[PDB]
Amino acid sequence: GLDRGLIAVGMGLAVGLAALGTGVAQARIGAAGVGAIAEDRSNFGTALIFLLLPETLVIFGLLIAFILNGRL
Amino acid sequence: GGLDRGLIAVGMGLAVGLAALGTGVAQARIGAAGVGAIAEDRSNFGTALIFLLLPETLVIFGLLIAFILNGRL
Amino acid sequence: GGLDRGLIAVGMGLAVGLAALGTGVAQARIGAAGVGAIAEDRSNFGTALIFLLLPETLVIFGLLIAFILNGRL
Amino acid sequence: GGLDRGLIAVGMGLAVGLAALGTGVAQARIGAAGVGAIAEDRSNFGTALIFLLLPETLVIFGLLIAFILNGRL
Amino acid sequence: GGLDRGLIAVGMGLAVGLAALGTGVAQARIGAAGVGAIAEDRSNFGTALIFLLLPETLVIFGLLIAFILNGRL
Amino acid sequence: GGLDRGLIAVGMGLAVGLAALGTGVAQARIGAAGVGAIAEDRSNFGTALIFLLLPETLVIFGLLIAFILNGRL
Amino acid sequence: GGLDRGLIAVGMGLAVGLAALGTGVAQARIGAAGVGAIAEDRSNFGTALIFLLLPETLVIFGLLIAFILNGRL
Amino acid sequence: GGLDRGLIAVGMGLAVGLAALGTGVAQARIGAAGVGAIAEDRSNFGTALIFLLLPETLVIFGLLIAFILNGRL
Amino acid sequence: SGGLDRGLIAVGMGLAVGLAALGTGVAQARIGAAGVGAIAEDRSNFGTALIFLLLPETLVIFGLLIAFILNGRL
Amino acid sequence: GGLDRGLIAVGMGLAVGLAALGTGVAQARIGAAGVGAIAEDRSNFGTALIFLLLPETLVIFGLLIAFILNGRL
Amino acid sequence: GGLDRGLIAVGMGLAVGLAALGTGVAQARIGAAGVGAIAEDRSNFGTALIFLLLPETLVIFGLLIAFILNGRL
Amino acid sequence: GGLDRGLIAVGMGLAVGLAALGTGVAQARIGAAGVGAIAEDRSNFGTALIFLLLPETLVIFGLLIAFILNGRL
Amino acid sequence: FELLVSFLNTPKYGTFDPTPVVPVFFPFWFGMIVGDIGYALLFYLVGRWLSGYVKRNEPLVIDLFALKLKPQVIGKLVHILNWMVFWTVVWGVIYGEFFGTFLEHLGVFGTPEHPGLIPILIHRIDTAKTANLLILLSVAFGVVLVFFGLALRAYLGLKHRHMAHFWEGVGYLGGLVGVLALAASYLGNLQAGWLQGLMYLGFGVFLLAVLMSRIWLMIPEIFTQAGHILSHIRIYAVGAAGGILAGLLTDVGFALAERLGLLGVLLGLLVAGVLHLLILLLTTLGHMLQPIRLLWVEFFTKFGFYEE
């Protein structure tokens with residue numbers, strides 16, 4: 001009964017904390033990157049794929065949230 | 001029985017708020033460099049704009065998950 | 001009635017509070033950088049206030065989900 | 001007797017308080033930057049004032065969600 | 001039992017406490033900037049003090065909401 | 001009997017503690033800048049005293065709300 | 001019996017501990033500048049001691065109120 | 001009836017969330033230094049890549065623990 | 001019986017001592033990091049640095065009192 | 001009841017989670033220093049690598065305790 | 001009273017954990033600065049080691065209060 | 001009642017993981033300073049080694065007390 | 001004694017000489033702090049060693065601390081440490097627990113829990129009455145010290161015709177009596193008709209003194225002075241910490257003696273002794289640093305020591 005609400009709040013806090021981790025990482029990487037761009041306008045493509053890495057964490061969070069939802 | 005609707009609601013609120021906080025600190029550390037660069041440039045605001053609007057997908061994920069299981073509610 | 005009704009309350013309260021926290025932590029740095037740039041230049045005003053106004057989306061999303069979840073009850 | 005009302009109250013309190021955190025975090029940077037700018041020239045006093053005062057909408061949202069929850073209880 | 005009063009009391013106390021947190025974390029940086037400015041300036045005292053005294057509205061709203069919910073009690 | 005008295009005690013303690021943290025985080029920075037000024041000046045000592053003195057009002061508000069909840073006890 | 005004894009003990013402990021935390025945060029930044037000034041000056045040693053030992057009232061008051069509600073138990 | 005599955009779920013959920021937070025706060029500094037090095041020379045590309053790709057062992061461990069906790073039910 | 005009263009008074013005094021320890025620890029951290037450079041460069045201002053390190057200990061010293069008097073009430 | 005293994009599982013999850021948080025917060029700075037040194041020096045690769053593999057032990061301890069308490073279960 | 005033993009045990013663990021993080025915060029700053037000083041001087045080793053050894057009394061108190069509550073167990 | 005063993009395992013997790021994050025916070029700055037020294041010296045290797053292995057004591061104290069209370073389980 | 005005062009700022013001509021208060025109070029405070037008879041005997045042994053170092057007039061040098069130190073200040077130190085050991089033993093006789101406890105072995109010692117023909121005035125476990133009595137005693141000590149400081153400042157203002165400072169002092173004591181009366185009435189019994197009048201007159205005197213001191217400054221400093229009065233409570237904190245640490249160490253020794261008194265008691269007692277000496281020195285350094293700091297801040301911030 002209440003276990004449905006418990007697994008829901010658990011997956012919510014899981015994806016939220018993954019969001020915090022990815023947000024802090026993206027913040028620092030983009031903070032360096034935007035300053036880098038002014039000379040690295042040639043190297044913007046490498047900077048973008050450098051930036052794009054940490055979203056795998058919230059991808060895994062989405063995966064675990066989806067399997068917990070399918071547990072219903 | 002019941003009593004799980006408040007649990008799922010507080011879960012949705014926690015999830016969306018945490019996503020908002022993460023993208024908030026992301027925007028916080030993007031914006032200073034973006035404003036400095038565009039103040040020195042006055043031309044290249046578009047690249048900073050897209051580079052700055054990219055991290056909204058965290059809020060997107062939060063609102064989709066909240067929507068899907070509150071529709072389940 | 002039910003205590004779940006008040007759990008709805010703590011739910012959207014947590015949601016709107018965390019969204020407000022994220023918006024404020026963004027607005028601190030972006031406003032500081034923007035006011036520095038506009039004190040230097042005096043002509044970059046438009047980009048400054050649009051950069052400062054873009055993080056409002058977080059709190060509008062928070063209040064929107066709060067309103068739908070309190071219209072649920 | 002019903003425990004729901006206390007949940008309403010604590011949710012309102014945490015919501016408005018964490019909105020207060022967001023507002024204070026914004027103010028801590030914007031006020032220092034505006035003080036530096038006005039100490040530099042004093043000509044940008046009104047601009048610094050409006051930049052520092054514009055995040056008050058956060059606690060406006062906090063007080064309105066508190067008001068509507070108080071009306072709900 | 002009548003456990004309702006404890007919840008509203010911890011709500012008012014929590015809200016006032018973290019409102020004090022927000023106004024204090026603003027007051028730290030604004031006071032540092034203001035005292036540096038008045039150390040140099042000897043004339044910007046009025047603007048420094050009004051900027052420093054501005055953010056007390058946060059705990060003002062905290063005490064107002066505490067009074068309202070106490071009157072509800 | 002009723003055990004909500006412990007809950008209102010928790011609320012009072014939380015309020016006064018968080019007020020203490022807010023005034024401490026303000027006092028650290030204002031005192032550091034003040035002592036940095038008075039290390040050379042020695043003439044603005046009263047100004048530094050009143051600047052560090054002012055944020056105590058948060059402690060006064062916290063002790064008043066704790067005291068009125070003690071009267072409620 | 002009465003679990004309210006446990007709740008009031010928890011409240012007292014958290015209040016005094018978090019007040020101690022805030023006071024440590026306050027004292028850290030004053031001490032860092034004070035010892036640096038004294039190491040070269042050695043003349044403002046007294047004033048440095050007053051500036052560093054000033055913020056004790058909050059923890060002493062927290063201990064006082066803790067003992068008050070302990071004796072109230 | 002079942003009572004354990006909800007809190008084992010919140011357990012491994014907060015486990016993987018904390019692991020994600022830790023690897024995020026690591027990757028922040030690591031990739032910042034890496035892109036700073038790359039901004040002046042592209043020869044260190046593979047070294048930067050392996051340095052940033054190193055710290056994911058902790059979230060790998062966390063997700064394996066989550067997998068076995070899911071398998072326990 | 002309602003024996004859990006003892007358990008949560010124990011956790012309350014634990015919170016008290018732990019948070020007092022954190023406060024005095026961070027204060028000690030900053031004062032030590034400040035004074036170490038002066039004592040490294042001078043080797044003469046040692047007493048002032050030592051006493052400044054000794055001030056924050058009293059914070060946890062009076063932190064422990066609530067814990068052991070709650071144990072006394074136990 | 002399964003409540004016992006439920007809170008056992010949330011305990012193991014929290015333990016491994018904050019162990020991962022600790023190793024991340026250490027790994028950030030140590031790896032940043034190592035990356036800077038190896039980028040500007042090209043010769044300190046082994047020393048930097050062993051320095052940043054040194055703090056790996058705490059998550060190993062967390063995994064060890066998790067396995068031993070799972071075996072106890 | 002088995003449940004009482006578990007509650008006092010988790011109290012001991014939480015207390016020693018906070019003491020542990022406190023001494024970690026101390027040792028980080030003091031040992032980094034001591035490394036810098038011993039690199040510059042290579043003769044102030046005794047002062048650095050006693051400064052590093054000083055803050056461990058907090059962990060001593062934490063483990064001792066854990067031990068005395070274990071004795072009351 | 002397995003709530004005893006579950007809660008005492010929760011205490012294990014809190015103690016060891018929180019000591020673990022404490023030692024991580026220490027090791028970050030200690031390793032940063034050690035890398036800074038070894039970048040020029042290469043002879044301070046043993047001193048830096050003992051300097052960063054010195055803060056490892058808190059986690060083994062936590063593991064020892066967790067082991068003894070797990071034996072009490 | 002006078003060296004600690006001379007370390008601070010020089011007083012101005014015609015002002016009050018604050019020297020004699022410290023010899024009266026500081027050894028008394030330290031005796032209230034420690035009260036350990038055996039550790040006091042250890043300090044007496046240290047003082048005997050320093051007296052021997054006096055009679056071998058060669059100066060004292062420490063390479064680690066860059067210490068250079070002459071026989072006359074050493075003579076002052078051995079005299080003040082003689083005062084230390086005297087006051088701590090004459091307080092530890094009331095605080096009879098020394099090296100922890102010996103009530104488990106001294107049947108002569110008289111307690112309700114363990115009877116004896118010679119009673120012990122102050123117990124440790126009975127914190128119900130003893131703590132309240134010592135807390136009221138300590139706050140009374142704080143009150144009388146702060147009142148003496150305010151009276152000294154008022155007398156100096158009267159003498160030098162700085163009557164604005166005299167008005168400030170009388171307003172300070174009016175606020176003192178008002179807040180003390182209101183707090184005592186709130187915590188105390190009913191029929192506060194005389195207490196209420198005391199609060200009214202204190203508040204009225206404070207308001208009139210503020211009007212004479214019209215420049216509007218000290219009205220938040222009043223609560224700071226109230227906290228300064230309250231600051232004396234840590235004297236019990238330090239002593240209780242030391243006593244309970246000694247008691248738990250003696251409890252460890254007692255546990256060793258009960259289980260394995262045939263063989264393990266020797267190891268238990270030696271480990272207890274070395275732990276006693278090391279933690280006692282490590283904590284009593286701060287313990288002796290505490291009350292001198294207390295008097296330094298509290299008396300001198302109040303009576304007027306700030307001005308050169």
# chains A, B, ... in the order shown; residues from 1 in each chain; ligands from 1
>>> residues_around(residues="segment 48-58 of chain L", least_positions_apart="5", cutoff="7 Å", atoms="only C-alpha atoms", output="PyMOL selection string")
(chain K and resi 20) or (chain L and resi 19+23+26-27+30-31+34)
>>> calpha_fit_rmsd(fixed="chain G", moving="chain D")
0.7 Å
>>> residues_around(residues="residue 14 of chain E", least_positions_apart="4", cutoff="9 Å", atoms="only C-alpha atoms", output="list in words")
residues 10, 13, 14 and 17 of chain D; 9, 10, 18 and 19 of chain E; 11, 12, 14, 15 and 18 of chain F
>>> write_last_selection(atoms="N, CA, C and O atoms", output="short mmCIF file (atom, residue, chain, number, x, y, z; two decimals), in the first residue's frame")
data_model
loop_
_atom_site.label_atom_id
_atom_site.label_comp_id
_atom_site.auth_asym_id
_atom_site.auth_seq_id
_atom_site.Cartn_x
_atom_site.Cartn_y
_atom_site.Cartn_z
N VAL D 10 3.43 23.50 8.70
CA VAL D 10 4.87 23.27 8.56
C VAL D 10 5.29 23.36 7.10
O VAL D 10 6.38 23.85 6.79
N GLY D 13 5.56 27.01 6.34
CA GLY D 13 6.74 27.58 6.97
C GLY D 13 8.02 27.24 6.23
O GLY D 13 8.85 28.12 5.97
N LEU D 14 8.19 25.97 5.87
CA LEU D 14 9.40 25.58 5.15
C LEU D 14 9.45 26.20 3.76
O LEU D 14 10.53 26.59 3.31
N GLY D 17 10.36 29.89 4.20
CA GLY D 17 11.72 30.01 4.69
C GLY D 17 12.77 29.69 3.64
O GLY D 17 13.81 30.34 3.58
N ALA E 9 3.87 24.67 15.99
CA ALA E 9 4.95 25.34 16.70
C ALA E 9 6.30 25.08 16.04
O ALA E 9 7.10 26.00 15.86
N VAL E 10 6.56 23.82 15.67
CA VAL E 10 7.83 23.53 15.00
C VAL E 10 7.85 24.17 13.62
O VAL E 10 8.91 24.59 13.15
N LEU E 18 15.05 29.74 9.55
CA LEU E 18 15.77 29.78 8.28
C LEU E 18 15.56 31.12 7.57
O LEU E 18 16.38 31.52 6.74
N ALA E 19 14.52 31.88 7.94
CA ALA E 19 14.46 33.28 7.52
C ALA E 19 15.62 34.07 8.12
O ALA E 19 16.22 34.91 7.44
N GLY F 11 10.59 22.68 18.41
CA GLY F 11 10.42 23.87 17.59
C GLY F 11 11.17 25.08 18.13
O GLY F 11 11.85 25.80 17.38
N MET F 12 11.07 25.30 19.44
CA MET F 12 11.79 26.42 20.07
C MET F 12 13.29 26.27 19.90
O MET F 12 13.99 27.24 19.54
N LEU F 14 14.97 24.53 17.64
CA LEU F 14 15.33 24.69 16.24
C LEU F 14 15.36 26.16 15.85
O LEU F 14 16.29 26.62 15.18
N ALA F 15 14.34 26.92 16.29
CA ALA F 15 14.28 28.34 15.98
C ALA F 15 15.50 29.08 16.52
O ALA F 15 16.18 29.81 15.79
N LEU F 18 18.86 28.04 14.73
CA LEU F 18 19.04 28.54 13.37
C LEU F 18 19.25 30.06 13.37
O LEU F 18 20.02 30.59 12.56
#
>>> select_by_dssp(residues="chain F", states="alpha helix (DSSP H)", output="NGL selection string")
:F and (4-38 or 45-53 or 57-72)
>>> residues_around(residues="residue 99 of chain M", least_positions_apart="2", cutoff="12 Å", atoms="only C-alpha atoms", output="JSON, numbers by chain")
{"M": [34, 35, 36, 37, 38, 39, 40, 41, 42, 92, 95, 96, 97, 101, 102, 103, 242, 243, 244, 245, 246, 247, 248, 249, 250, 251, 253, 269, 272, 273, 274, 275, 276, 277, 280]}
>>> interface_residues(of="chain K", to="chain M", cutoff="10 Å", atoms="only C-alpha atoms", output="PDB file with N, CA and C atoms, in the first residue's frame")
ATOM      1  N   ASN K  44      60.674  23.542  11.009  1.00  0.00           N
ATOM      2  CA  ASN K  44      59.539  23.734  11.905  1.00  0.00           C
ATOM      3  C   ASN K  44      58.665  22.490  11.996  1.00  0.00           C
ATOM      4  N   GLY K  46      58.346  20.128  14.226  1.00  0.00           N
ATOM      5  CA  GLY K  46      57.690  19.873  15.501  1.00  0.00           C
ATOM      6  C   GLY K  46      56.426  20.689  15.694  1.00  0.00           C
ATOM      7  N   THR K  47      56.475  21.975  15.339  1.00  0.00           N
ATOM      8  CA  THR K  47      55.292  22.824  15.443  1.00  0.00           C
ATOM      9  C   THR K  47      54.177  22.324  14.536  1.00  0.00           C
ATOM     10  N   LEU K  54      46.873  18.336  17.576  1.00  0.00           N
ATOM     11  CA  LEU K  54      45.986  18.996  18.535  1.00  0.00           C
ATOM     12  C   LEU K  54      44.495  18.703  18.338  1.00  0.00           C
ATOM     13  N   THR K  57      41.473  15.636  19.840  1.00  0.00           N
ATOM     14  CA  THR K  57      40.747  15.519  21.099  1.00  0.00           C
ATOM     15  C   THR K  57      39.239  15.474  20.887  1.00  0.00           C
ATOM     16  N   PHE K  61      36.858  12.688  22.500  1.00  0.00           N
ATOM     17  CA  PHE K  61      35.616  12.886  23.244  1.00  0.00           C
ATOM     18  C   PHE K  61      34.462  12.116  22.614  1.00  0.00           C
ATOM     19  N   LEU K  64      34.806   8.481  23.313  1.00  0.00           N
ATOM     20  CA  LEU K  64      34.639   8.209  24.734  1.00  0.00           C
ATOM     21  C   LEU K  64      33.176   8.301  25.155  1.00  0.00           C
ATOM     22  N   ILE K  68      30.932   5.361  26.728  1.00  0.00           N
ATOM     23  CA  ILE K  68      30.196   5.412  27.991  1.00  0.00           C
ATOM     24  C   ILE K  68      28.722   5.072  27.771  1.00  0.00           C
TER      25      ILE K  68
END
>>> closest_residue(among="A:28, A:8, A:51, A:33", to="residue 64 of chain A", atoms="only C-alpha atoms")
A:8
>>> decode(residues="segment 21-53 of chain A", atoms="N, CA and C atoms", output="short mmCIF file (atom, residue, chain, number, x, y, z; two decimals), in the first residue's frame")
data_model
loop_
_atom_site.label_atom_id
_atom_site.label_comp_id
_atom_site.auth_asym_id
_atom_site.auth_seq_id
_atom_site.Cartn_x
_atom_site.Cartn_y
_atom_site.Cartn_z
N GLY A 21 24.19 16.52 -8.82
CA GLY A 21 25.55 16.18 -9.22
C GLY A 21 25.87 16.64 -10.63
N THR A 22 24.96 16.36 -11.56
CA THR A 22 25.16 16.78 -12.94
C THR A 22 25.14 18.29 -13.07
N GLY A 23 24.31 18.97 -12.27
CA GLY A 23 24.25 20.42 -12.34
C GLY A 23 25.53 21.08 -11.87
N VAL A 24 26.10 20.59 -10.77
CA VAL A 24 27.37 21.14 -10.28
C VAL A 24 28.49 20.88 -11.28
N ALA A 25 28.56 19.64 -11.79
CA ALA A 25 29.59 19.32 -12.78
C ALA A 25 29.46 20.19 -14.02
N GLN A 26 28.24 20.28 -14.57
CA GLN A 26 27.99 21.10 -15.75
C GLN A 26 28.30 22.56 -15.49
N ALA A 27 28.00 23.04 -14.28
CA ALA A 27 28.29 24.42 -13.91
C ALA A 27 29.77 24.72 -14.02
N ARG A 28 30.61 23.89 -13.39
CA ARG A 28 32.04 24.15 -13.44
C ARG A 28 32.60 23.99 -14.85
N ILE A 29 32.17 22.94 -15.57
CA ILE A 29 32.74 22.68 -16.89
C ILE A 29 32.36 23.80 -17.85
N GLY A 30 31.09 24.21 -17.85
CA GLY A 30 30.67 25.30 -18.70
C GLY A 30 31.24 26.64 -18.29
N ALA A 31 31.47 26.85 -16.99
CA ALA A 31 32.10 28.09 -16.54
C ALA A 31 33.50 28.21 -17.10
N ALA A 32 34.25 27.11 -17.12
CA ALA A 32 35.54 27.13 -17.79
C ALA A 32 35.38 27.26 -19.30
N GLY A 33 34.39 26.57 -19.86
CA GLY A 33 34.27 26.48 -21.31
C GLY A 33 33.92 27.80 -21.97
N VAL A 34 32.98 28.54 -21.38
CA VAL A 34 32.55 29.81 -21.97
C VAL A 34 33.71 30.80 -22.02
N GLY A 35 34.49 30.87 -20.95
CA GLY A 35 35.70 31.67 -20.98
C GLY A 35 36.71 31.15 -21.99
N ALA A 36 36.74 29.83 -22.19
CA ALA A 36 37.65 29.26 -23.17
C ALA A 36 37.26 29.62 -24.60
N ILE A 37 35.96 29.78 -24.87
CA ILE A 37 35.41 29.95 -26.22
C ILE A 37 36.03 31.14 -26.96
N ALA A 38 36.29 32.23 -26.24
CA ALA A 38 36.72 33.49 -26.86
C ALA A 38 37.97 33.30 -27.71
N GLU A 39 38.86 32.41 -27.28
CA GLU A 39 40.00 32.04 -28.13
C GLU A 39 39.75 30.70 -28.81
N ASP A 40 38.93 29.85 -28.20
CA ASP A 40 38.68 28.50 -28.67
C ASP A 40 37.48 28.42 -29.61
N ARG A 41 37.19 29.51 -30.33
CA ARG A 41 36.13 29.46 -31.34
C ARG A 41 36.45 28.43 -32.42
N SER A 42 37.73 28.15 -32.64
CA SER A 42 38.11 27.01 -33.45
C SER A 42 37.83 25.70 -32.73
N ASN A 43 38.01 25.69 -31.40
CA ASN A 43 37.90 24.45 -30.64
C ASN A 43 36.55 24.30 -29.94
N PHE A 44 35.50 24.94 -30.45
CA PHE A 44 34.20 24.85 -29.78
C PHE A 44 33.60 23.45 -29.89
N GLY A 45 33.88 22.74 -30.98
CA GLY A 45 33.34 21.40 -31.14
C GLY A 45 33.90 20.43 -30.12
N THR A 46 35.20 20.51 -29.86
CA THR A 46 35.80 19.69 -28.81
C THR A 46 35.30 20.10 -27.43
N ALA A 47 35.09 21.40 -27.21
CA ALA A 47 34.59 21.86 -25.92
C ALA A 47 33.17 21.35 -25.66
N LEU A 48 32.35 21.25 -26.71
CA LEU A 48 30.98 20.78 -26.53
C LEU A 48 30.94 19.31 -26.12
N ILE A 49 31.72 18.46 -26.78
CA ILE A 49 31.74 17.04 -26.42
C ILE A 49 32.47 16.84 -25.10
N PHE A 50 33.35 17.78 -24.74
CA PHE A 50 33.92 17.78 -23.40
C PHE A 50 32.83 18.06 -22.36
N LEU A 51 31.94 19.00 -22.67
CA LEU A 51 30.86 19.36 -21.76
C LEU A 51 29.82 18.25 -21.63
N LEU A 52 29.60 17.50 -22.72
CA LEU A 52 28.40 16.68 -22.82
C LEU A 52 28.47 15.41 -21.96
N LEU A 53 29.61 15.15 -21.33
CA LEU A 53 29.80 13.87 -20.65
C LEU A 53 28.87 13.57 -19.47
#
